[PDB]
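Q: Sequence order for the protein chains is S, D, W and E. All the letters of the first sequence, read from the start, carry residue numbers 55 to 214 under PDB author numbering. All the letters of the second sequence, read from the start, carry residue numbers 108 to 321 under PDB author numbering. All the letters of the third sequence, read from the start, carry residue numbers 269 to 321 under PDB author numbering. All the letters of the fourth sequence, read from the start, carry residue numbers 2 to 54 under PDB author numbering.
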Amino acid sequence: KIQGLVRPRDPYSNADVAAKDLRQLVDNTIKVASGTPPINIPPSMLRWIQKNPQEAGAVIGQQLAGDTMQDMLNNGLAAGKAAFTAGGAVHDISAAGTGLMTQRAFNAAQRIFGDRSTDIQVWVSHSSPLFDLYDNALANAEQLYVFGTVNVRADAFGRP
Amino acid sequence: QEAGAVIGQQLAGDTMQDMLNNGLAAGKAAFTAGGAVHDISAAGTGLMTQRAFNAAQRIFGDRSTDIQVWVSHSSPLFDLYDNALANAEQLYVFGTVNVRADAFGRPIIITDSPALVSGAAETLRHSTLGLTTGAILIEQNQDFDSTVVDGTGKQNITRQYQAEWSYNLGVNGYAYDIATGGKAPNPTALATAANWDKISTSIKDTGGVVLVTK
Amino acid sequence: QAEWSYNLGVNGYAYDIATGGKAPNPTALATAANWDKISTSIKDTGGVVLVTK
Amino acid sequence: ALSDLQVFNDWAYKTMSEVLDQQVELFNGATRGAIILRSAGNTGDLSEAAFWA
């Protein structure tokens, strides 16, 4: 995006105007490789206990499917966390406060996105923060939570 | 030639932006000069339970229904949102927090206009201006001129795209002061006060009221 | 033995493979200076981290 | 193995033109007529208009 594309051009004047250049930014997507340690699956042990040696493979794939998904998600979440911090898209409330406030924090995140605050779609987080907000809902200093409304998962700004 | 298309799409965006910003800055100054300015900077960030809106609505005494909108920056909105998050006055609930209303049937326009923010940190202020029908007038003169000069003599030719145009802007009930302004005012002259003469006999005749908040 | 690979990309951010490495480990994925801010506006970039003790 | 082989990575020229990020669509209906944009203009650095008081 060329900054300062529109100048306050005015007549009754011919002052020198500096020039600008056209730049091209580049996007990026790194590739992550993952493997599995050699799983010792001798048929002898299964046969001794009267079990199909093929069961060893069945259990391998069962856990592998979940593990592979976990690896991709955890890697994606870690990459996103660092990316945002590197880009400056980060707000610290650990020093300025404690735990998770009653949706007062998400308001500060709205400040970060300013006009485009609506762009934020989800609130991917850990279990602890939620229980902290649950405690905030159960300890609503401001009277806006009733017994039936304290299990909400919204950020009071229409975001899950 | 591919650069011409991106130059064009960015131009259109920046032209609409520039016109809007200049209009907002000129409107703010006109209301301030016409006395349609209210300061809540001392009373916190303002928008307190939207009482600042009410206090600014007080300016239009008999017919405050003329103002039916509230143009402002994003920060004031989240300040009011943060206020809605803590109902010290018990006037809000978990659901009634993300609201764009001043409790008087007026939408709160949100825009990151540099003409709506002044100063930094403590000096930083936020101007929420409420407008009537036809308060801010913008009229493009459609005098656009465009010539690309291919600078030569250098190792590589380098085109020099240049574009020039103009647009007339005015404030309902207000008149630009050339003596304090100029024949061709810059954004600064449009934003500075004393550059707008109040013509309407009464303030309610003029369209627009600016509410300055911390 | 099982082996697989997948690409990872964050909106408005370019991985610094120079610092991250040709095959970055999950510690490099979280390592700072391995991500480059691209979109001039932070609003253009997608996502924001909120550190809460 | 892969060290012997040569990688050429991947690249593209989407040339997506980053544009203004600020919301400036506030004209006519957008502001309920409060801020209006008129395609037509007027001549002369000034445009006076004498109306009765």
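The C-beta atom is built at its ideal place from N, Cα and C for all residues, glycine as well.
What residues of chain W sit near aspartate 22 of chain E, judged by a beta carbon separation below 7 Å?
A: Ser309, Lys311, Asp312
Q: Is it buried or exposed for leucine 198 of chain D, if we count other Cβ within 10 angstroms and need 16 for buried?
A: exposed
Q: Determine whether the Cβ of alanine 270 of chain W lies closer than 7 Å to any Cβ atom of chain S.
A: yes
Q: Based on Cα-Cα distance, which residue from D:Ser148, D:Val176, D:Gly202 lies nearest to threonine 203 of chain S?
A: D:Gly202
Q: Over what stretch of residues does the alpha helix (DSSP H) that includes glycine 130 of chain S continue unbroken?
A: 108 to 141
Q: Please decide whether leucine 100 of chain S counts as near chain D, where near means a Cβ-Cβ distance under 7 Å.
A: no
Q: Does any heavy atom of the ligand SAM sit closer than 6 Å to the C-beta of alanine 41 of chain E?
A: Ligands in the displayed structure: none, and consequently the ligand SAM is not present.
Q: Spell out whether any CB of chain S is found under 7 Å from the CB atom of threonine 320 of chain W.
A: yes
Q: Return the CA-CA distance between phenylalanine 251 of chain D and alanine 54 of chain E, expressed in angstroms with no decimal places.
A: 37 Å
Q: Whole angstroms is fine: what's the gap from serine 171 of chain S's alpha carbon to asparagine 128 of chain D's?
A: 20 Å
Q: I need the straight-line Cα distance from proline 107 of chain S to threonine 122 of chain S, nearest angstrom please.
A: Rounded to whole angstroms, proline 107 of chain S to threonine 122 of chain S spans 23 Å at the Cα level.
Q: Since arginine 232 of chain D is in the beta strand (DSSP E), which residue starts that stretch and which ends it?
A: 232 to 237
Q: Between which residues of its own chain and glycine 277 of chain D is the CB-CB distance below 7 Å, once the five residues before and five after are set aside?
A: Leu244
Q: Going by beta-carbon coordinates alone, are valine 316 of chain W and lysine 135 of chain S separated by less than 7 Å?
A: Against a cut-off of 7 Å, the Cβ pair of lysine 135 of chain S and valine 316 of chain W comes out as no contact.
Q: Kindly list the residues whose CB is nearer than 7 Å to the CB of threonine 299 of chain D, restricted to its own chain and excluding five residues on each side of it in sequence; keep chain order.
A: Take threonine 299 of chain D, set aside five residues on each side of it, and the residues of its chain with a beta-carbon closer than 7 Å to its own are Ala136, in chain order.
Q: For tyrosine 268 of chain D, list the residues DSSP reports as bridge partners.
A: D:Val255
Q: If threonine 265 of chain D and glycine 34 of chain E are in contact, beta carbons under 8 Å, what's the gap, nearest whole angstrom?
A: About 45 Å; that fails the 8 Å criterion.
Q: Is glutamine 164 of chain D helix, strand or coil when you go by DSSP?
A: helix
Q: Taking only the alpha-carbon atoms, compute the straight-line gap between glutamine 124 of chain D and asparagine 293 of chain D and give it to the nearest angstrom.
A: 15 Å
Q: Contact defined as beta carbons within less than 8 Å: I believe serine 179 of chain D pairs with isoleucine 216 of chain D. What is the distance between those atoms, to the nearest angstrom?
A: 6 Å
Q: Enumerated in chain order, which unbroken segments of the beta strand (DSSP E) with a length of 3 residues or greater are wholly contained in the stretch 192 to 237 of chain D?
A: 215 to 217, 232 to 237, all fully within the stretch 192 to 237 of chain D.
Q: Quick test of the definition: if touching needs 3 or more C-beta pairs under 8 Å, does the stretch 83 to 97 of chain S touch the stretch 147 to 156 of chain D?
A: no
Q: Determine, using beta carbons only, whether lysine 74 of chain S comes closer than 7 Å to chain E.
A: no
Q: For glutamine 247 of chain D and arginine 39 of chain E, which I take to be in contact (beta-carbon distance under 8 Å), what is that distance rounded to the nearest angstrom?
A: 7 Å
Q: In or out: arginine 213 of chain D buried (at least 16 other Cβ within 10 Å) or exposed?
A: Under a 10 Å Cβ-count criterion, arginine 213 of chain D is classified as buried, with 16 or more other Cβ atoms of the shown protein chains found around its own Cβ.
Q: List, in order along the chain, the chain S residues whose C-beta lies closer than 9 Å to that of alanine 300 of chain W?
A: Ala136, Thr139, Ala140
Q: What are the residues in the stretch 77 to 100 of chain S lying within 9 Å of chain W by C-beta distance?
A: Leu79, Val80, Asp81, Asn82, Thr83, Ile84, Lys85, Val86, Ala87, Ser88, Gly89, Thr90, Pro91, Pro92, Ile93
Q: Tell me which same chain residues have a C-beta within less than 7 Å of the C-beta of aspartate 173 of chain S, skipping the five on either side of it?
A: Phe167, listed in sequence order.
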